[PDB]
**Q** 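Dropping the structure in here first, questions after.
Chain letters run A, B, ... following the sequence lines, proteins first, then strands; residues in each count from 1. Below, each value reflects all heavy atoms present in this structure, side chains not excepted, and no hydrogens, waters or symmetry copies.
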Amino acid sequence: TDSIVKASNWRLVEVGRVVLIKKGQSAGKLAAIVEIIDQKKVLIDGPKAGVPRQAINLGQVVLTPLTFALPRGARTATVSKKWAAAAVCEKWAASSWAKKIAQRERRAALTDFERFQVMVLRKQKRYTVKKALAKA
Amino acid sequence: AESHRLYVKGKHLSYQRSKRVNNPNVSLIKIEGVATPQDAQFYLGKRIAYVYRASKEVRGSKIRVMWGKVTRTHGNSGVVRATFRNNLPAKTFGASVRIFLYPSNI
Amino acid sequence: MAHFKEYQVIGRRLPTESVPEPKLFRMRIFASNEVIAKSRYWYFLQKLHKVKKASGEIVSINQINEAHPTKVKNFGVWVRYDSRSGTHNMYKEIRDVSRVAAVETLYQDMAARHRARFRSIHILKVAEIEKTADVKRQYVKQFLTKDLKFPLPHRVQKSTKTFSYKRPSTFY
Amino acid sequence: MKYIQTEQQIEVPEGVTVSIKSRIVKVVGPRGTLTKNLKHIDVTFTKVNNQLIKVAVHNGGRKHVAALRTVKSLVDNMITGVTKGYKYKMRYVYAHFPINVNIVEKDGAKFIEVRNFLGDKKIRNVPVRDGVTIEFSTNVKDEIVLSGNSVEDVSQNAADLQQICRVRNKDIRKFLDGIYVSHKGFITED
Amino acid sequence: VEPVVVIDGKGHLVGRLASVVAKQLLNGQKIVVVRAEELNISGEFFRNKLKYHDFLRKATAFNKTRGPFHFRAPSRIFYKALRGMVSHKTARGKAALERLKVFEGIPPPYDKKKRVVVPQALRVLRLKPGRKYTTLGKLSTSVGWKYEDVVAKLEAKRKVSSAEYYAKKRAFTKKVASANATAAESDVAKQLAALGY
RNA sequence: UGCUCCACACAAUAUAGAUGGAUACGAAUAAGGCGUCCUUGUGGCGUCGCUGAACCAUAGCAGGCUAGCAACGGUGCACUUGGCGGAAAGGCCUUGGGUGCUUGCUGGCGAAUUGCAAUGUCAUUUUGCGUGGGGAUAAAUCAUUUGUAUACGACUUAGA
RNA sequence: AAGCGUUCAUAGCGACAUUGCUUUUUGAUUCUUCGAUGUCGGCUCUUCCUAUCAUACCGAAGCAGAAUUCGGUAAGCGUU
Ligand SMILES: [Mg+2]
Ligand SMILES: [Mg+2]
Ligand SMILES: [Mg+2]
Ligand SMILES: [Mg+2]
Ligand SMILES: [Mg+2]
Ligand SMILES: [Mg+2]
């Protein structure tokens, strides 16, 4: 009775789109797209995280599902207030993707003693979990 | 436990070579788990062993060893140049070597 | 040519007793460094005035930077170049943020679409289009439509390993 | 040239439900069900308001935005085929020998048996593809009608019928004898 | 980092998978390739079929039994692309090629073993969309491989046996991931959350 | 006193190269996976990816002797119940009891002198010889013979 | 493509010019062989090329039929 068409949503290259820089002097920081230059290049700015206003290839950029209201061509001061007003950092930090980023950084910084504590604790956690499966 | 490895696994790749002439004095080693020259700078100077067996017993052991050390980085992918006390016998291309953690600055 | 740099090269003829204080001719040059800059200057003064490097002088070499290196602007560039069988003028358009980077894109464009090397190209004029609708190319005009928005289908993720265990997808 | 985005629109009548897979298009109407596989273009179908479907190409060249308008008309024709139908009218032209066309049967296949084409003793046999219906009409002499839900099915079966009557080893500007297509239309356009 | 690495041939480009496998064997890694009939080649089918016909016509003139052999099976077409990337006439290349097994379909014991892919050889990651490609099943059959329909009947048989393996594994993954989820918000769980695990 | 199998005993023999674990859907990639729900769909909603940097495993004289506590689990060893797997099955899933071990938690005893490092030896292949526990009890070739064969070999037949 | 082809450049041709290909002609060269590579033709036998005479399937004509002519794929199979 109803036309059921798979929408197939995507991340859109646009002003106000939020990017996670992978390669460069930033390499893990957040920035906002300020102006699309061409199909492969944009104008980004990450003033709260410290990314300078630069033209960057989209191939050293990973668009995120975060957007916020932003006029095209907005300067750093304008971008800074709307970044803080829209709570871009908080919305990013609560997502599972950013949590996994912090988890891999937390794991890399473990000492030898801390890793040993992880082992003893993971055996304590698995003792209750495995007897949970047996009785259920 | 069941793991006792105090070294890092490694493969003997080849000798240092041009297109047509090789240099047996220098071996090329792939360290399991490095892919960047700046990661290979960690292992510079570390003692490499190649461990192999023989039927004839030498000094109470049927196991022999050749000792080398990492001397510098090779290429862009974590391959390291290594010089052994006696050059590796070129049949060990693809064989496992043990890259140790000593001498240690870490 | 890590980047092109724009220089002003001001030069003059060598002063003589009969005609001291010559006319102080100046050009804008796109070059990788100040050596090529001074070289290209004399190459163009040959095309106009009766002077060469021996009978001339370089009075000033000043690098010119963008007044606003971080605002995207529409650039119109006129290029006279040499084909394999003749000389041709053409006018192209590049969307970018600086004159030096548009020239970098332009030299890539000539060498890619016309096989014209840096050797064969004469940058006639690099002019930013001041207001919209004086942009005459559809490959730049398509980037000036209001509320522009496009996706990037078929994302290819460069793995750091030779073997992967997941059959990776291309979503984005 | 690489256009940023090129766009086509597919109107949907009220009785038609269009369900899009990855790219398998299904159009279900009054006259049956037509499905098509479109895995070979890399387009994005999106629905607007249940009577207007949109198909898009992002970052496409000349040869590929051309393929955007072909998939528009393929979906259009399947939709038109389940509402108005597709009906082809063919005539029989022959100079001397009458052309004898009759629907015969061999193991449930229902061939178009053509006889006496230019005095040939050879029997011509054109199968009917599943989903086509063929009737010989009346009030017009020596005319055959091919009907079905999909234009692809019916036009190919008309082409199969026309091509089998090709005159060999003769000047075909004089020996014009053969079954030809006269009118391509819809089953219900009144 | 596995004692035997098993690559699923499906979706891969034949030459780029052959470049990786050649260098993998030469470094001492044992490699097993399965489902070689779903390998892919860039270019349309007819173009690649012509390239095989040019290869078929070259043979020793005075004795065809000693000339270049023209192997039909897609596993041996892939193996033919591995040779030429390996110094096969040397004893080191002979020892390398001993570290290779290539198969049509997925035979035992590899049916119940983990399969990997090579993202630099995957066609969906490598080829520009819209560019045509050839499948090694159709090419091999079109030049005389006799076992496409046999492998298909056994491959679909394995998929049925494997889909219902994944059916009960989904049920067991559900039960395990439930007790682990309940184990959260506990004392031990919140300590491992600070230590990253 | 020949052969074969099973077990453990000593020697040799080698090693294309163990040093925690080859950790199993299928398809698509202009799409999917997981979970949940409903009217069971080419369905709705949520969630995930953006790499395996994972997951499992992992502490003890290369991992010893012993005391409890909690719990009825985890894992190993043979034995075992039933089913499935012929593409190269030769493996997978089970069932029941027995015997260990447990680092899930709390204790006690031992380790040293390999002297400041020396692979500091822990594997699986092949072969002999031995010991004790089962099992079986042939052919082929030459020579003779045939001519469906044949230069010779070969082939094809017959002979207690 | 100036003309021929009843008219009509290009069905089939095609002047004046001009661009090539081939190595089955003959020239031109003298690099190899003069302590020798047996020399013309024919017979015999195999294979290859395609610039296709025939045979298969076609396209075109100044193709009504017939017989032809031009052209395509094609050397599979023949050519006394
Ligand atoms: Mg080498
Ligand atoms: Mg070298
Ligand atoms: Mg015909
Ligand atoms: Mg005729
Ligand atoms: Mg040779
Ligand atoms: Mg030809």
**Q** Going by purine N1 to pyrimidine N3 plus the second Watson-Crick contact, or the G-U wobble pair, all under 3.5 Å, which nucleotide sits opposite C105(F)?
**A** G68(F)
**Q** Is there, by distance only and without an angle test, a donor paired with an acceptor across the side chain of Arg155(C) and the base of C50(F) below 3.5 Å?
**A**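 Between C50(F) and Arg155(C), which were checked side chain against base, a qualifying N/O pair under 3.5 Å is present.
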**Q** Does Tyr172(C) lie flat on the base of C50(F), that is, centres under 5.5 Å apart and planes under 30° off?
**A**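 Aromatic stack with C50(F) absent for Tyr172(C).
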**Q** Using a 3.5 Å limit on both hydrogen-bonding distances, do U99(F) and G76(F) make a Watson-Crick or G-U wobble pair?
**A** yes
**Q** Would you check if the distance from the ring center of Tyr50(B) to the ring center of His12(B) is below 6.0 Å?
**A** no
**Q** Establish whether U119(F) and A78(F) are paired, applying the Watson-Crick or G-U wobble definition with both distances under 3.5 Å.
**A** no
**Q** If you look at every heavy atom in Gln5(D) and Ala56(D), which pair is closest and at what distance?
**A** NE2-CB, 3.8 Å
**Q** Expressed as a whole number of angstroms, how long is the span from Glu2(E):CD to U19(F):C1'?
**A**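 Computing the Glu2(E):CD to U19(F):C1' distance gives 15 Å.
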**Q** Counting distance alone, no hydrogens or angles: does the base of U119(F) have a donor or acceptor under 3.5 Å from a partner atom on the side chain of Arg64(B)?
**A**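 When only heavy-atom distances are counted, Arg64(B) does not reach the base of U119(F) through any donor-acceptor pair under 3.5 Å.
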**Q** Which listed nucleotide (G65(G), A30(F), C25(F)) is nearest to the side chain of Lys169(E)?
**A**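 So the nucleotide nearest the side chain must be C25(F).
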**Q** Give a yes/no answer on whether the side chain of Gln103(A) brings an N or O atom under 4.0 Å of OP1 or OP2 in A53(F).
**A**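 Indeed not, no polar side-chain atom of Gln103(A) lies that close.
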**Q** Going by Watson-Crick or G-U wobble geometry, both distances under 3.5 Å, is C72(F) a partner of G128(F)?
**A** no
**Q** Using a heavy-atom cut-off of under 4.0 Å over every strand shown, decide if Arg35(E) touches base, sugar-phosphate, or nothing.
**A**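 Here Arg35(E) touches the backbone only, sparing every base.
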**Q** Give a yes or no on whether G46(F) and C34(F) pair, Watson-Crick or G-U wobble, both distances under 3.5 Å.
**A**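 Under the 3.5 Å cut-off on both distances, the two nucleotides are paired.
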**Q** Looking at the rings of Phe150(C) and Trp10(A), which for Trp means the six-membered one, are their centres under 6.0 Å apart?
**A**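 Aromatic pair excluded; centres sit 6.0 Å or further apart.
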**Q** Under a 3.5 Å rule for both distances, is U144(F) the Watson-Crick or G-U wobble partner of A158(F)?
**A**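 A pair, by the stated definition.
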**Q** Quick check on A30(F): from the sign of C1'-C2'-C3'-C4', north or south pucker?
**A**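 A south sugar, the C1'-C2'-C3'-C4' torsion of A30(F) being less than zero.
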**Q** Decide if a Watson-Crick or G-U wobble pair links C70(G) and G59(G), counting it only when both distances are under 3.5 Å.
**A**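 Yes, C70(G) pairs with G59(G), since both Watson-Crick or G-U wobble distances fall under 3.5 Å.
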**Q** If you measure from the P atom in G108(F) to the same atom in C79(F), how many Å do you get, rounded?
**A**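 So the two P atoms sit 42 Å from each other.
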**Q** Using OP1 and OP2 only, check whether a side-chain N or O of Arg23(D) sits under 4.0 Å from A31(F).
**A**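 So the side-chain polar atoms of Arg23(D) do come within 4.0 Å of the phosphate oxygens OP1 or OP2 of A31(F), strictly under.
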**Q** Is there a donor and acceptor pair closer than 3.5 Å between the side chain of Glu155(E) and the base of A87(F)?
**A** yes
**Q** Would you please confirm or rule out a distance under 4.0 Å between OP1 or OP2 of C25(F) and any side-chain N or O of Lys166(C)?
**A** no
**Q** Rounded to whole Å, please give me the gap between NZ in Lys131(A) and P in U102(F).
**A**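 To the nearest whole Å, that distance equals 21 Å.
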**Q** Between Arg107(A) and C55(F), does any side-chain N or O lie under 4.0 Å from OP1 or OP2?
**A**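 Answer yes for this pair, as a side-chain N or O of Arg107(A) is under 4.0 Å from OP1 or OP2.
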**Q** Is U19(G) north-puckered or south-puckered, judged from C1'-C2'-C3'-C4'?
**A** north
**Q** Where each residue is assigned the nucleotide of RNA chain G containing its nearest heavy atom, which of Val167(D) and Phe175(D) is assigned the position nearer the 5′ end?
**A** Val167(D)
**Q** Checking base pairs now: Watson-Crick or wobble, both atom distances under 3.5 Å. What partners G20(G)?
**A**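 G20(G) is paired with nothing.
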**Q** Below the 4.0 Å mark, does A27(F) have OP1 or OP2 next to a side-chain nitrogen or oxygen of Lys159(E)?
**A**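 Answer yes for this pair, as a side-chain N or O of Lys159(E) is under 4.0 Å from OP1 or OP2.
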**Q** Hey, does the base of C34(G) sit stacked on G35(G), as in ring centres below 5.5 Å and plane angle below 30°?
**A**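 No, which means the ring centres are not under 5.5 Å apart or the planes are not under 30°.
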**Q** Does a donor on one side chain and an acceptor on the other come within less than 3.5 Å for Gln120(E) and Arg126(E)?
**A** no
**Q** Please determine whether a side-chain nitrogen or oxygen atom of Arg115(E) lies at a distance below 4.0 Å from atom OP1 or OP2 of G26(F).
**A**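 Yes, within the criterion.
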**Q** Under 3.5 Å for both contacts, Watson-Crick or G-U wobble geometry: does that describe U23(F) with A143(F)?
**A** no
**Q** Just checking, is any N or O donor in the side chain of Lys11(B) or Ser96(B) under 3.5 Å from an acceptor N or O on the other one?
**A**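 Yes - a donor-acceptor pair under 3.5 Å links their side chains.
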**Q** Just name whichever nucleotide pairs with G17(F), Watson-Crick or G-U, keeping both distances under 3.5 Å, else none.
**A** none
**Q** How close or far is atom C1' of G17(F) from atom NZ of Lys9(B), stated in whole angstroms?
**A**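 Checked: the NZ to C1' distance equals 14 Å.
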**Q** Mind calculating the distance between CZ (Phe62(E)) and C1' (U47(G)) to the nearest angstrom?
**A** 14 Å
**Q** Considering just the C1'-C2'-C3'-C4' torsion, please state whether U148(F) has a north or south sugar.
**A**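 South (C2'-endo side).
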**Q** Hey, does the side-chain of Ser61(B) have a donor or acceptor N/O within less than 3.5 Å of a partner on the base of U119(F)?
**A** yes
**Q** Classify the sugar of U23(G) as north or south, using the sign of the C1'-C2'-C3'-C4' torsion: positive means north, negative means south.
**A**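 By the sign criterion, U23(G) is south.
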**Q** Run the pair test on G78(G) and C53(G): Watson-Crick or G-U wobble, both distances under 3.5 Å, answer yes or no.
**A** yes
**Q** Can you see if the side chain of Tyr52(B) gets near the phosphate of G17(F) - specifically, an N or O under 4.0 Å from OP1 or OP2?
**A**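 Negative; the distance criterion is not met.
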**Q** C77(F) with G98(F): Watson-Crick or G-U wobble pair, both contacts under 3.5 Å?
**A**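 They are paired, because both relevant distances stay under 3.5 Å.
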**Q** For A22(F) and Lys112(E) - does any side-chain N or O of the residue sit under 4.0 Å from the phosphate oxygens OP1/OP2?
**A** no
**Q** Evaluate whether the aromatic ring of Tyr127(A) and the six-membered ring of the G74(F) base sit under 5.5 Å apart, centre to centre, with an inclination under 30°.
**A** no
**Q** May I ask which nucleotide in the shown strands pairs with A56(G), Watson-Crick or G-U wobble, both distances under 3.5 Å?
**A** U73(G)
**Q** Using OP1 and OP2 only, check whether a side-chain N or O of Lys130(A) sits under 4.0 Å from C72(F).
**A**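 For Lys130(A), the contact criterion (side-chain N or O under 4.0 Å from OP1 or OP2 of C72(F)) is not met.
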**Q** Within 45 degrees of the ring normal and closer than 6.0 Å to the centroid, is that where the cationic atom of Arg47(B) sits relative to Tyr102(B)?
**A** no
**Q** Counting only Watson-Crick pairs (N1-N3 plus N6-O4 or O6-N4) and G-U wobbles (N1-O2, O6-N3), all under 3.5 Å, who is the partner of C3(F)?
**A**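 For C3(F), the partner nucleotide comes out as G135(F), under the 3.5 Å rule.
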**Q** Using atom P of each nucleotide, how far apart are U32(G) and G20(G) to the nearest Å?
**A** 34 Å
**Q** Below the 4.0 Å mark, does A24(F) have OP1 or OP2 next to a side-chain nitrogen or oxygen of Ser162(E)?
**A**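 For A24(F), OP1/OP2 do not have a side-chain N/O of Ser162(E) under 4.0 Å.
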**Q** Is the ring centre of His154(C) under 5.5 Å from the base ring centre of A30(F), and are the two planes under 30° apart, so that they stack?
**A** no
**Q** Got a salt bridge between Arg35(E) and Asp8(E), using NZ or NE/NH1/NH2 to carboxylate O under 4.0 Å?
**A** yes
**Q** Is the phosphate of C49(G), meaning OP1 or OP2, less than 4.0 Å from a side-chain N or O of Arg57(E)?
**A**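 Affirmative; the distance criterion is met.
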**Q** Distance check: side-chain N/O of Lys30(E) vs OP1/OP2 of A22(F), anything under 4.0 Å?
**A** no
**Q** May I ask you to evaluate whether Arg158(E) reaches the phosphate of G26(F), defined as a side-chain N or O under 4.0 Å from OP1 or OP2?
**A**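 It does, given that an N or O in the side chain of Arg158(E) lies less than 4.0 Å from OP1 or OP2 of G26(F).
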**Q** I'd like to check, for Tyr166(E), whether its ring lies over the base of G26(F) with centroids under 5.5 Å apart and a plane angle smaller than 30°.
**A** no
**Q** Would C77(G) and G3(G) count as a Watson-Crick or G-U wobble pair, both distances under 3.5 angstrom?
**A**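 Answer is no for this nucleotide pair.
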**Q** Between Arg168(D) and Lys174(D), which is nearer to the 5' end of RNA chain G once each is assigned its nearest nucleotide?
**A**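 With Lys174(D) and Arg168(D) compared, the 5'-side residue is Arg168(D).
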**Q** Using the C1' atom as the point on both nucleotides, what is the distance between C55(F) and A22(F), in whole Å?
**A**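 Their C1' atoms lie roughly 15 Å apart.
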**Q** Between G97(F) and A136(F), how far is it from one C1' atom to the other, in whole Å?
**A**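 Pairwise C1' distance, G97(F) against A136(F), rounds to 38 Å.
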**Q** Would you please confirm or rule out a distance under 4.0 Å between OP1 or OP2 of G52(F) and any side-chain N or O of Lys100(A)?
**A** yes
**Q** Determine the sugar pucker of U29(F): a positive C1'-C2'-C3'-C4' angle counts as north, a negative one as south.
**A** south
